[PDB]
Amino acid sequence: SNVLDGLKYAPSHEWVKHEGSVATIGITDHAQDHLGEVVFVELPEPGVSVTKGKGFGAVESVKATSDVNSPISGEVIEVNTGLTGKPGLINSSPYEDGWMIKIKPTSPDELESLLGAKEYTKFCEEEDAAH
Ligand SMILES: *C(=O)CCCC[C@@H](S)CCS
């Protein structure tokens with residue numbers, strides 16, 4: 001699918017965007033392309049703490065329920081409430097308007113463990129090739 005360079009990725013197909021002292025999380029284009037039409041998004045509550053590797057919400061498609069794992073840890077400060085109304089933004093704008101949450105990174109260096117665009121692309125290739 002389509003990959004962007006200014007982001008750090010997770011094997012479970014989530015992306016992060018570091019900007020000063022905040023991280024914007026969402027799911028990649030490869031993810032939505034594989035999920036199919038997204039029909040519902042269940043996001044966490046503000047103030048709640050997310051943990052690296054643990055699920056914070058879920059995305060439902062016409063076929064299934066896909067739990068989204070937080071790529072890093074932090075406190076949720078913001079949530080895209082527009083997704084409840086327009087779940088489709090995930091399919092149409094995964095990297096921009098399809099943003100799910102905004103967190104205060106509690107352990108910033110966790111971003112080092114995160115893959116880059118090229119690293120992720122190779123990854124997506126390997127996973128697609130295992131079929
Ligand atoms: C169909 O909905 C099955 C789940 C697809 C999820 C994506 S992230 C699979 C990537 S190989």
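Just so you know, these numbers use all the heavy atoms, side chains as well, and skip hydrogens, waters and symmetry mates. Numbers here are sequence positions counted from 1. Every number for a ligand or one of its atoms is a count from 1 in the order of the listing.
For the residue pair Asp128/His30, the side-chain donor-acceptor check at 3.5 Å is satisfied. Inspection of the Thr28 and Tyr95 side chains reveals no N or O donor paired with an N or O acceptor under 3.5 Å. Side chains of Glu110 and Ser73: a donor on one and an acceptor on the other come within 3.5 Å. Under the 3.5 Å distance criterion, with hydrogens and angles disregarded, no donor-acceptor pair is assigned to the side chains of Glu127 and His34.
The backbone N or O of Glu14 sits nowhere less than 3.5 Å from a side-chain atom of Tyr9 that would complete a donor-acceptor pair. The closest donor-acceptor contact from the side chain of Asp29 to the backbone of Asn2 lies under 3.5 Å.
In this structure, ligand 1 sits under 4.0 Å from heavy atoms belonging to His13, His30, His34, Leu35, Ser61, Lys63, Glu127.
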